[PDB]
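Enquirer: Got a structure here, written out as structure tokens. Questions coming.
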Number of protein chains: 2
Amino acid sequence: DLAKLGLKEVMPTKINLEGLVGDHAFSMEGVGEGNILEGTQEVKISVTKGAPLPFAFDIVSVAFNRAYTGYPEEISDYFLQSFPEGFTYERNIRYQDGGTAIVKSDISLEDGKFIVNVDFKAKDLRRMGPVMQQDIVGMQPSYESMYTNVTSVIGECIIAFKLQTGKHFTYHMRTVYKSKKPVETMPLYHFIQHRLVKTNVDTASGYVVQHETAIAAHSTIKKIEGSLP
Amino acid sequence: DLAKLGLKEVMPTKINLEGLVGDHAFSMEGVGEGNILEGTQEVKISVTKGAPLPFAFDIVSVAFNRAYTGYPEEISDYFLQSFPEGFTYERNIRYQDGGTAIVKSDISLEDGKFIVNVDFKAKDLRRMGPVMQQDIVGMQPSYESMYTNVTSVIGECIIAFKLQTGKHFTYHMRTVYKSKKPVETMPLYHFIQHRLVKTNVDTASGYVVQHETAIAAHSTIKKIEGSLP
């Protein structure tokens, strides 16, 4: 199964991010590993150029691979089917205060390692908002709706940053994932539950270790017999 | 418990909707009942004025009461706490094609019956889109993030209409729910899983019976020990 696609159960990954938030350009690197059957991943991230960042780090957490998703056999796995070649995605983010972000990423398979190249561009961020004031402690778990659009897969989600005061600051994320080569079966409508946490925050070392768990599933509410749709 | 709030397990409900979509004004009525502990409801809806509607009915499904939500004891129930007085909500909807909708509703408790008065106003709907062309078969299940904002509760969700061709058409919904009187405890961040189905579609009678199941819960992914937030 995974050997036909050129993958193993525990894949290492290297991710290179080029970012531009407002007028601040920066570059970030991330090295890590994950399990593609259980849908877990853990990456250590550092800032190579542009330090220190004048915004909250957590806005680029979703930029640092849906191959790390736990898919049941009853739901077709688009991302694992996309390999050995990999897949790309274009992702639009609207924050609740009007700010926007655009994330374009390519995920390749090279020497049994997931090589991710991602470009992150944010604009119209409020100077007095929690992102620029860095009042975000982390992300809350989320549910991303996934459905088929001809040959692509669309995922829509509402991400919520928890704030120091206990309040929340949300954004709407819409991603178009495209396999680089044709895929046998396109998936039906389902959800991917995410939980992205920060397992280590070392400000003296300039490293942030984040762990994401992603589990694909249908709704746990049974559809009423003879009902539409 | 429920008797202190003036409620019973199975509450009947009457809902009156005044709507304006584009230049088309209309009025709709709905009579039904639900269980507030299990989080189920079923209402029969008809069009009193403005028939026939030139748009898909399913856009007003979310307008036809979070009191019908199954809440575990470990998650505080804002909506049931809001009673006997009831609660209001203001709801903003952005469709994926640029159209918008505004829903203002009041939910009162009168004679052991949920009396809902809702105003629905939609604009900028595409003439060649699935809403005006009526290509929608129904809603898919969803997950609505719920969190506290001082004294109000904010819920954010992505609703997906299934289309006749099998494709999907989504919209982003953000609702501010406000209890009419103070509430003892405000809830923590959680989700409400919805499944709104159509149990009966009788076009000859002009009636549509819809059933919603709503279950409140935390994330089913265990938070990693010692991680942030």
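Residues in the structure tokens are numbered from 1 in each chain, the chains being A, B, ... in the order shown, and ligands are numbered from 1 in the order shown.
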Mind fitting chain A onto chain B over all Cα atoms in sequence order and sending the result as a JSON list (two decimals) with C-alpha atoms, in the first residue's frame?

Expert:
[["chain", "number", "residue", "atom", "x", "y", "z"],
["A", 1, "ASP", "CA", -33.83, 21.84, 36.69],
["A", 2, "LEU", "CA", -35.95, 22.45, 33.60],
["A", 3, "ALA", "CA", -38.97, 23.32, 35.76],
["A", 4, "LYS", "CA", -37.00, 26.14, 37.40],
["A", 5, "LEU", "CA", -36.41, 27.57, 33.92],
["A", 6, "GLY", "CA", -40.04, 27.01, 32.92],
["A", 7, "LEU", "CA", -39.23, 24.28, 30.39],
["A", 8, "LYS", "CA", -40.04, 20.61, 29.86],
["A", 9, "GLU", "CA", -38.21, 17.85, 28.00],
["A", 10, "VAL", "CA", -40.32, 18.03, 24.81],
["A", 11, "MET", "CA", -41.13, 21.63, 23.89],
["A", 12, "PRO", "CA", -43.46, 22.66, 21.07],
["A", 13, "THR", "CA", -42.53, 25.68, 19.00],
["A", 14, "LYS", "CA", -44.05, 28.20, 16.61],
["A", 15, "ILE", "CA", -41.73, 30.24, 14.38],
["A", 16, "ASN", "CA", -42.67, 33.25, 12.24],
["A", 17, "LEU", "CA", -40.19, 34.39, 9.59],
["A", 18, "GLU", "CA", -40.24, 37.65, 7.63],
["A", 19, "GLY", "CA", -37.84, 37.51, 4.70],
["A", 20, "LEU", "CA", -36.52, 39.70, 1.91],
["A", 21, "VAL", "CA", -34.22, 38.09, -0.67],
["A", 22, "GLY", "CA", -33.13, 40.51, -3.35],
["A", 23, "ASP", "CA", -36.34, 42.32, -4.29],
["A", 24, "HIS", "CA", -38.61, 39.41, -3.29],
["A", 25, "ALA", "CA", -40.39, 39.79, 0.05],
["A", 26, "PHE", "CA", -42.03, 36.79, 1.70],
["A", 27, "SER", "CA", -43.35, 35.38, 4.97],
["A", 28, "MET", "CA", -43.06, 31.85, 6.33],
["A", 29, "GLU", "CA", -44.52, 29.90, 9.24],
["A", 30, "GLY", "CA", -43.26, 26.84, 11.08],
["A", 31, "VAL", "CA", -44.88, 24.61, 13.70],
["A", 32, "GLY", "CA", -43.07, 21.78, 15.41],
["A", 33, "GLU", "CA", -41.54, 20.29, 18.52],
["A", 34, "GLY", "CA", -38.24, 19.09, 19.91],
["A", 35, "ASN", "CA", -36.28, 17.58, 22.77],
["A", 36, "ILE", "CA", -33.95, 20.02, 24.54],
["A", 37, "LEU", "CA", -32.02, 17.32, 26.43],
["A", 38, "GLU", "CA", -31.30, 15.08, 23.44],
["A", 39, "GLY", "CA", -30.93, 18.11, 21.17],
["A", 40, "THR", "CA", -33.46, 17.20, 18.49],
["A", 41, "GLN", "CA", -36.18, 19.18, 16.75],
["A", 42, "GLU", "CA", -38.64, 18.76, 13.89],
["A", 43, "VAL", "CA", -40.67, 21.58, 12.33],
["A", 44, "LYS", "CA", -43.14, 21.77, 9.44],
["A", 45, "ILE", "CA", -42.63, 24.94, 7.39],
["A", 46, "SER", "CA", -44.92, 26.64, 4.87],
["A", 47, "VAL", "CA", -44.90, 29.89, 2.90],
["A", 48, "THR", "CA", -47.73, 32.21, 3.90],
["A", 49, "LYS", "CA", -46.93, 35.14, 1.59],
["A", 50, "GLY", "CA", -44.60, 35.48, -1.38],
["A", 51, "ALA", "CA", -45.12, 32.03, -2.90],
["A", 52, "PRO", "CA", -43.62, 30.77, -5.05],
["A", 53, "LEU", "CA", -40.09, 31.49, -3.84],
["A", 54, "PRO", "CA", -37.56, 32.21, -6.64],
["A", 55, "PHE", "CA", -34.66, 30.86, -4.53],
["A", 56, "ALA", "CA", -33.68, 27.64, -2.79],
["A", 57, "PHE", "CA", -35.61, 27.02, 0.42],
["A", 58, "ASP", "CA", -32.56, 25.64, 2.25],
["A", 59, "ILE", "CA", -31.11, 29.12, 2.76],
["A", 60, "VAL", "CA", -33.72, 29.75, 5.49],
["A", 61, "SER", "CA", -33.29, 26.36, 7.19],
["A", 62, "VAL", "CA", -30.90, 27.82, 9.78],
["A", 63, "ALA", "CA", -33.46, 30.56, 10.46],
["A", 64, "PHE", "CA", -36.14, 28.02, 11.43],
["A", 65, "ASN", "CA", -33.28, 27.79, 18.24],
["A", 66, "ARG", "CA", -30.19, 26.63, 20.12],
["A", 67, "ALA", "CA", -32.37, 25.58, 23.06],
["A", 68, "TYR", "CA", -32.72, 22.34, 21.06],
["A", 69, "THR", "CA", -29.14, 21.27, 21.77],
["A", 70, "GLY", "CA", -27.87, 18.22, 23.63],
["A", 71, "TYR", "CA", -25.44, 19.53, 26.24],
["A", 72, "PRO", "CA", -23.36, 17.32, 28.53],
["A", 73, "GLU", "CA", -23.14, 18.31, 32.18],
["A", 74, "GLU", "CA", -19.43, 19.16, 31.79],
["A", 75, "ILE", "CA", -20.28, 21.97, 29.32],
["A", 76, "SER", "CA", -22.36, 24.90, 30.55],
["A", 77, "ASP", "CA", -25.62, 25.41, 28.64],
["A", 78, "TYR", "CA", -25.94, 29.11, 27.82],
["A", 79, "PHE", "CA", -29.23, 28.83, 25.93],
["A", 80, "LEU", "CA", -31.14, 26.82, 28.54],
["A", 81, "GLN", "CA", -29.73, 29.12, 31.24],
["A", 82, "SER", "CA", -31.13, 32.10, 29.31],
["A", 83, "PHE", "CA", -34.72, 31.00, 30.02],
["A", 84, "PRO", "CA", -37.55, 31.60, 31.10],
["A", 85, "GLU", "CA", -36.94, 34.93, 29.36],
["A", 86, "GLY", "CA", -35.35, 33.52, 26.21],
["A", 87, "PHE", "CA", -32.54, 34.78, 24.03],
["A", 88, "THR", "CA", -31.85, 36.67, 20.82],
["A", 89, "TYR", "CA", -29.27, 36.29, 18.11],
["A", 90, "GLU", "CA", -27.76, 38.27, 15.25],
["A", 91, "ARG", "CA", -26.32, 36.13, 12.47],
["A", 92, "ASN", "CA", -24.20, 37.12, 9.47],
["A", 93, "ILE", "CA", -23.86, 34.78, 6.49],
["A", 94, "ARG", "CA", -21.44, 35.10, 3.57],
["A", 95, "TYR", "CA", -21.95, 32.72, 0.68],
["A", 96, "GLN", "CA", -18.92, 31.51, -1.26],
["A", 97, "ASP", "CA", -20.01, 33.54, -4.32],
["A", 98, "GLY", "CA", -20.18, 36.91, -2.55],
["A", 99, "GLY", "CA", -23.84, 36.92, -1.55],
["A", 100, "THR", "CA", -24.71, 37.88, 2.01],
["A", 101, "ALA", "CA", -27.51, 37.34, 4.50],
["A", 102, "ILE", "CA", -28.49, 38.84, 7.86],
["A", 103, "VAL", "CA", -30.68, 36.93, 10.33],
["A", 104, "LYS", "CA", -32.07, 38.60, 13.46],
["A", 105, "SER", "CA", -34.17, 36.40, 15.70],
["A", 106, "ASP", "CA", -35.83, 36.44, 19.11],
["A", 107, "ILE", "CA", -36.70, 33.24, 21.00],
["A", 108, "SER", "CA", -39.31, 33.66, 23.76],
["A", 109, "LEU", "CA", -40.98, 31.24, 26.16],
["A", 110, "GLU", "CA", -44.76, 31.70, 26.17],
["A", 111, "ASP", "CA", -47.19, 29.18, 27.71],
["A", 112, "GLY", "CA", -44.63, 26.38, 27.66],
["A", 113, "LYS", "CA", -44.01, 26.93, 23.93],
["A", 114, "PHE", "CA", -40.96, 28.31, 22.12],
["A", 115, "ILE", "CA", -42.13, 31.37, 20.16],
["A", 116, "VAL", "CA", -39.52, 32.40, 17.58],
["A", 117, "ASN", "CA", -39.69, 35.62, 15.56],
["A", 118, "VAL", "CA", -37.01, 35.80, 12.87],
["A", 119, "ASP", "CA", -36.13, 38.32, 10.16],
["A", 120, "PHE", "CA", -34.09, 37.10, 7.19],
["A", 121, "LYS", "CA", -32.57, 39.46, 4.61],
["A", 122, "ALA", "CA", -30.38, 38.27, 1.74],
["A", 123, "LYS", "CA", -28.68, 40.26, -1.02],
["A", 124, "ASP", "CA", -26.12, 40.00, -3.83],
["A", 125, "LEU", "CA", -27.24, 36.47, -4.74],
["A", 126, "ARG", "CA", -25.94, 35.38, -8.15],
["A", 127, "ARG", "CA", -28.71, 34.83, -10.70],
["A", 128, "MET", "CA", -26.86, 31.87, -12.25],
["A", 129, "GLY", "CA", -25.83, 30.38, -8.89],
["A", 130, "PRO", "CA", -27.26, 27.27, -7.23],
["A", 131, "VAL", "CA", -29.43, 29.31, -4.84],
["A", 132, "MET", "CA", -31.39, 31.23, -7.48],
["A", 133, "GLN", "CA", -31.33, 28.30, -9.92],
["A", 134, "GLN", "CA", -32.47, 25.98, -7.08],
["A", 135, "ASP", "CA", -29.84, 23.26, -7.52],
["A", 136, "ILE", "CA", -29.61, 22.51, -3.77],
["A", 137, "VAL", "CA", -30.84, 19.17, -2.44],
["A", 138, "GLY", "CA", -30.10, 19.88, 1.22],
["A", 139, "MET", "CA", -27.59, 20.69, 3.93],
["A", 140, "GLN", "CA", -24.69, 18.53, 5.04],
["A", 141, "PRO", "CA", -23.87, 18.06, 8.73],
["A", 142, "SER", "CA", -21.68, 20.74, 10.27],
["A", 143, "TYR", "CA", -19.59, 21.67, 13.31],
["A", 144, "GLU", "CA", -20.18, 25.08, 14.89],
["A", 145, "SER", "CA", -17.43, 26.44, 17.15],
["A", 146, "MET", "CA", -18.90, 28.05, 20.28],
["A", 147, "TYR", "CA", -17.02, 30.36, 22.64],
["A", 148, "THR", "CA", -17.68, 33.07, 25.20],
["A", 149, "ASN", "CA", -17.39, 36.81, 24.45],
["A", 150, "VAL", "CA", -17.94, 38.52, 27.82],
["A", 151, "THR", "CA", -21.70, 38.05, 28.22],
["A", 152, "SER", "CA", -22.52, 36.75, 24.72],
["A", 153, "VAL", "CA", -21.81, 33.45, 22.98],
["A", 154, "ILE", "CA", -20.28, 33.42, 19.50],
["A", 155, "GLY", "CA", -20.79, 30.51, 17.12],
["A", 156, "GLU", "CA", -18.91, 30.18, 13.82],
["A", 157, "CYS", "CA", -19.59, 27.52, 11.21],
["A", 158, "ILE", "CA", -19.19, 26.56, 7.55],
["A", 159, "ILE", "CA", -22.45, 25.22, 6.10],
["A", 160, "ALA", "CA", -22.33, 23.15, 2.91],
["A", 161, "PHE", "CA", -25.28, 22.72, 0.57],
["A", 162, "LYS", "CA", -25.14, 19.53, -1.47],
["A", 163, "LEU", "CA", -26.02, 20.10, -5.12],
["A", 164, "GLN", "CA", -27.89, 17.94, -7.62],
["A", 165, "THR", "CA", -24.65, 17.26, -9.51],
["A", 166, "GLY", "CA", -22.93, 16.09, -6.31],
["A", 167, "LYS", "CA", -20.86, 19.25, -5.88],
["A", 168, "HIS", "CA", -21.12, 21.48, -2.80],
["A", 169, "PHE", "CA", -21.77, 25.18, -2.23],
["A", 170, "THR", "CA", -20.71, 26.58, 1.13],
["A", 171, "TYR", "CA", -21.22, 29.66, 3.26],
["A", 172, "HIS", "CA", -19.64, 31.06, 6.41],
["A", 173, "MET", "CA", -22.00, 31.77, 9.32],
["A", 174, "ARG", "CA", -21.16, 33.85, 12.40],
["A", 175, "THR", "CA", -23.81, 34.21, 15.10],
["A", 176, "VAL", "CA", -23.84, 36.29, 18.29],
["A", 177, "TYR", "CA", -26.29, 34.80, 20.80],
["A", 178, "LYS", "CA", -27.33, 37.03, 23.70],
["A", 179, "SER", "CA", -29.31, 35.96, 26.75],
["A", 180, "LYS", "CA", -31.98, 38.49, 27.68],
["A", 181, "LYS", "CA", -31.01, 38.27, 31.37],
["A", 182, "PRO", "CA", -27.69, 37.48, 33.10],
["A", 183, "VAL", "CA", -26.39, 33.91, 33.08],
["A", 184, "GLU", "CA", -24.68, 32.15, 35.99],
["A", 185, "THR", "CA", -21.75, 30.52, 34.15],
["A", 186, "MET", "CA", -20.42, 31.24, 30.67],
["A", 187, "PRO", "CA", -19.34, 28.19, 28.64],
["A", 188, "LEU", "CA", -15.83, 27.32, 27.54],
["A", 189, "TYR", "CA", -14.74, 26.75, 23.94],
["A", 190, "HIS", "CA", -16.55, 23.75, 22.45],
["A", 191, "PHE", "CA", -18.39, 22.57, 19.34],
["A", 192, "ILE", "CA", -22.01, 21.92, 18.43],
["A", 193, "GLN", "CA", -22.35, 19.22, 15.79],
["A", 194, "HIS", "CA", -25.43, 19.77, 13.62],
["A", 195, "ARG", "CA", -27.27, 17.52, 11.20],
["A", 196, "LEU", "CA", -30.24, 19.28, 9.57],
["A", 197, "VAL", "CA", -32.18, 17.00, 7.21],
["A", 198, "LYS", "CA", -35.49, 17.19, 5.36],
["A", 199, "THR", "CA", -37.72, 14.36, 6.57],
["A", 200, "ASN", "CA", -40.62, 15.24, 4.23],
["A", 201, "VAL", "CA", -40.79, 17.26, 1.01],
["A", 202, "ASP", "CA", -44.37, 17.61, -0.29],
["A", 203, "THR", "CA", -44.43, 20.14, -3.11],
["A", 204, "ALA", "CA", -48.14, 19.60, -3.80],
["A", 205, "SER", "CA", -48.97, 20.63, -0.22],
["A", 206, "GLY", "CA", -46.44, 23.45, 0.08],
["A", 207, "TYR", "CA", -44.94, 21.96, 3.25],
["A", 208, "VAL", "CA", -41.35, 21.06, 4.13],
["A", 209, "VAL", "CA", -40.61, 19.15, 7.34],
["A", 210, "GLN", "CA", -37.05, 19.55, 8.60],
["A", 211, "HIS", "CA", -35.35, 17.80, 11.52],
["A", 212, "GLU", "CA", -32.20, 19.09, 13.22],
["A", 213, "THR", "CA", -29.98, 17.16, 15.61],
["A", 214, "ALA", "CA", -27.53, 19.29, 17.61],
["A", 215, "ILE", "CA", -25.03, 17.77, 20.05],
["A", 216, "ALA", "CA", -22.58, 19.88, 22.06],
["A", 217, "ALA", "CA", -19.17, 18.37, 22.79],
["A", 218, "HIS", "CA", -15.50, 19.12, 23.23],
["A", 219, "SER", "CA", -12.86, 17.89, 20.80],
["A", 220, "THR", "CA", -12.54, 14.10, 20.68],
["A", 221, "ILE", "CA", -8.76, 14.44, 20.20],
["A", 222, "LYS", "CA", -6.99, 14.34, 23.55],
["A", 223, "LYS", "CA", -4.90, 17.44, 24.24],
["A", 224, "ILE", "CA", -1.22, 16.50, 24.48],
["A", 225, "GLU", "CA", 0.05, 16.65, 28.05],
["A", 226, "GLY", "CA", 1.93, 19.84, 28.85],
["A", 227, "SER", "CA", 1.11, 21.52, 25.53],
["A", 228, "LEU", "CA", -0.22, 25.00, 24.78],
["A", 229, "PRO", "CA", -2.81, 26.41, 24.81]]

Enquirer: List every residue of segment 87-183 of chain B that DSSP, applied to the backbone of this structure, places in strand (DSSP E or B), and write the result as a ChimeraX atom specification.

Expert: /B:87-95,100-110,113-123,136-139,142-149,152-163,168-179

Enquirer: Can those selected residues be exported to a file as a CSV table (one decimal), in the first residue's frame so that it contains C-alpha atoms?

Expert:
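See result_5.csv below for the written result:
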chain,number,residue,atom,x,y,z
B,87,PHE,CA,-32.5,34.8,24.0
B,88,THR,CA,-31.9,36.7,20.8
B,89,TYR,CA,-29.3,36.3,18.1
B,90,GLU,CA,-27.8,38.3,15.3
B,91,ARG,CA,-26.3,36.1,12.5
B,92,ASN,CA,-24.2,37.1,9.5
B,93,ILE,CA,-23.9,34.8,6.5
B,94,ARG,CA,-21.4,35.1,3.6
B,95,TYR,CA,-22.0,32.7,0.7
B,100,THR,CA,-24.7,37.9,2.0
B,101,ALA,CA,-27.5,37.3,4.5
B,102,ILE,CA,-28.5,38.8,7.9
B,103,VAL,CA,-30.7,36.9,10.3
B,104,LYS,CA,-32.1,38.6,13.5
B,105,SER,CA,-34.2,36.4,15.7
B,106,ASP,CA,-35.8,36.4,19.1
B,107,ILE,CA,-36.7,33.2,21.0
B,108,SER,CA,-39.3,33.7,23.8
B,109,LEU,CA,-41.0,31.2,26.2
B,110,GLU,CA,-44.8,31.7,26.2
B,113,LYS,CA,-44.0,26.9,23.9
B,114,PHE,CA,-41.0,28.3,22.1
B,115,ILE,CA,-42.1,31.4,20.2
B,116,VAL,CA,-39.5,32.4,17.6
B,117,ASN,CA,-39.7,35.6,15.6
B,118,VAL,CA,-37.0,35.8,12.9
B,119,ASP,CA,-36.1,38.3,10.2
B,120,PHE,CA,-34.1,37.1,7.2
B,121,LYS,CA,-32.6,39.5,4.6
B,122,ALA,CA,-30.4,38.3,1.7
B,123,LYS,CA,-28.7,40.3,-1.0
B,136,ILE,CA,-29.6,22.5,-3.8
B,137,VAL,CA,-30.8,19.2,-2.4
B,138,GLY,CA,-30.1,19.9,1.2
B,139,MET,CA,-27.6,20.7,3.9
B,142,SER,CA,-21.7,20.7,10.3
B,143,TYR,CA,-19.6,21.7,13.3
B,144,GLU,CA,-20.2,25.1,14.9
B,145,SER,CA,-17.4,26.4,17.1
B,146,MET,CA,-18.9,28.0,20.3
B,147,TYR,CA,-17.0,30.4,22.6
B,148,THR,CA,-17.7,33.1,25.2
B,149,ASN,CA,-17.4,36.8,24.4
B,152,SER,CA,-22.5,36.8,24.7
B,153,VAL,CA,-21.8,33.5,23.0
B,154,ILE,CA,-20.3,33.4,19.5
B,155,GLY,CA,-20.8,30.5,17.1
B,156,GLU,CA,-18.9,30.2,13.8
B,157,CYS,CA,-19.6,27.5,11.2
B,158,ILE,CA,-19.2,26.6,7.6
B,159,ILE,CA,-22.5,25.2,6.1
B,160,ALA,CA,-22.3,23.1,2.9
B,161,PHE,CA,-25.3,22.7,0.6
B,162,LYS,CA,-25.1,19.5,-1.5
B,163,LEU,CA,-26.0,20.1,-5.1
B,168,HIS,CA,-21.1,21.5,-2.8
B,169,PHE,CA,-21.8,25.2,-2.2
B,170,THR,CA,-20.7,26.6,1.1
B,171,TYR,CA,-21.2,29.7,3.3
B,172,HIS,CA,-19.6,31.1,6.4
B,173,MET,CA,-22.0,31.8,9.3
B,174,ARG,CA,-21.2,33.8,12.4
B,175,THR,CA,-23.8,34.2,15.1
B,176,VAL,CA,-23.8,36.3,18.3
B,177,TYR,CA,-26.3,34.8,20.8
B,178,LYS,CA,-27.3,37.0,23.7
B,179,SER,CA,-29.3,36.0,26.8

Enquirer: Extract the full set of helix (DSSP H, G or I) residues from segment 3-227 of chain B according to DSSP on the backbone, and format it as a PyMOL selection string.

Expert: chain B and resi 57-60+78-81

Enquirer: How would the residues just picked look written out with N, CA, C and O atoms as a CSV table (one decimal), in the first residue's frame?

Expert:
chain,number,residue,atom,x,y,z
B,57,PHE,N,-35.1,26.9,-0.9
B,57,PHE,CA,-35.6,27.0,0.4
B,57,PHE,C,-34.5,26.9,1.5
B,57,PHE,O,-34.6,27.5,2.5
B,58,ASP,N,-33.5,26.0,1.2
B,58,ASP,CA,-32.6,25.6,2.2
B,58,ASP,C,-31.8,26.8,2.8
B,58,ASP,O,-31.1,26.6,3.9
B,59,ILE,N,-31.8,28.0,2.2
B,59,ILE,CA,-31.1,29.1,2.8
B,59,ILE,C,-31.8,29.6,4.0
B,59,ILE,O,-31.1,30.3,4.8
B,60,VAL,N,-33.0,29.3,4.3
B,60,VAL,CA,-33.7,29.8,5.5
B,60,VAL,C,-33.8,28.6,6.5
B,60,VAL,O,-34.5,28.8,7.5
B,78,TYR,N,-25.6,27.7,27.8
B,78,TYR,CA,-25.9,29.1,27.8
B,78,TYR,C,-27.4,29.3,27.5
B,78,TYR,O,-28.1,30.1,28.1
B,79,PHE,N,-27.9,28.6,26.5
B,79,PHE,CA,-29.2,28.8,25.9
B,79,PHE,C,-30.3,28.4,26.9
B,79,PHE,O,-31.3,29.1,27.1
B,80,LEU,N,-30.2,27.2,27.5
B,80,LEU,CA,-31.1,26.8,28.5
B,80,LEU,C,-31.1,27.7,29.8
B,80,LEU,O,-32.1,28.0,30.4
B,81,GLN,N,-29.9,28.2,30.1
B,81,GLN,CA,-29.7,29.1,31.2
B,81,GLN,C,-30.4,30.4,30.9
B,81,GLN,O,-30.9,31.1,31.9
